[PDB]
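Below is one structure, written out as structure tokens, with a few remarks after it.
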Amino acid sequence: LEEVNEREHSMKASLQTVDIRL
Amino acid sequence: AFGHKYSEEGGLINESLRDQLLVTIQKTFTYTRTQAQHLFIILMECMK
């Protein structure tokens with residue numbers, strides 16, 4: 001679950017950066 | 001903290017992390033683009 005949380009952090013950063021570049 | 005994590009030699013948070021820092025400042029703090037790069041400049045100043 002801690003791995004999923006850190007993974008969520010990477011995914012949310014990717015989603016925010018992709019929303020910036022769109 | 002995200003500065004301090006990658007800070008290394010003072011404000012040695014690099015170019016990718018500087019554009020990511022100013023982007024986050026411009027998103028979360030709603031701080032205008034030149035001011036977000038400015039808060040990077042203040043971030044590296046304090047990161048020293």
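With ideal geometry, Cβ positions are generated from the backbone for all residues, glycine too; neighbour counts draw on all protein chains shown. Laboratory data are not the source of any read-out in this text; all were calculated from the coordinates shown.
Data for the structure
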item: Set of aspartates and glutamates with alpha-carbon distance to B:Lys27 below 19 Å, sequence-local pairs under 8 removed; result: A:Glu8, A:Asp19, B:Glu15, B:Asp19
item: Ranked by how many other beta carbons lie within 10 Å on average, peptides B:36-46, A:9-19 from highest; result: B:36-46, A:9-19
item: Dipole magnitude (debye, nearest 20) for chain B, charges at Cβ of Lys, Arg, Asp, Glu; result: 200 debye
item: Contour minus Cα-Cα distance for B:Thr28 and B:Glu45 (0.36 nm per residue); result: 4.0 nm
item: Prolate/oblate/rounded label for the protein assembly as shown (Cα gyration tensor, a/c 1.5); result: oblate
item: For the stretch B:29-41, Karplus couplings with θ = phi - 60° (6.51, -1.76, 1.60), whole Hz, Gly/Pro x; result: 7, 6, 8, 4, 4, 5, 6, 6, 5, 5, 6, 4, 4
item: Interchain or long-range residues, amide H under 5 Å from B:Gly11's placed H; result: B:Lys48
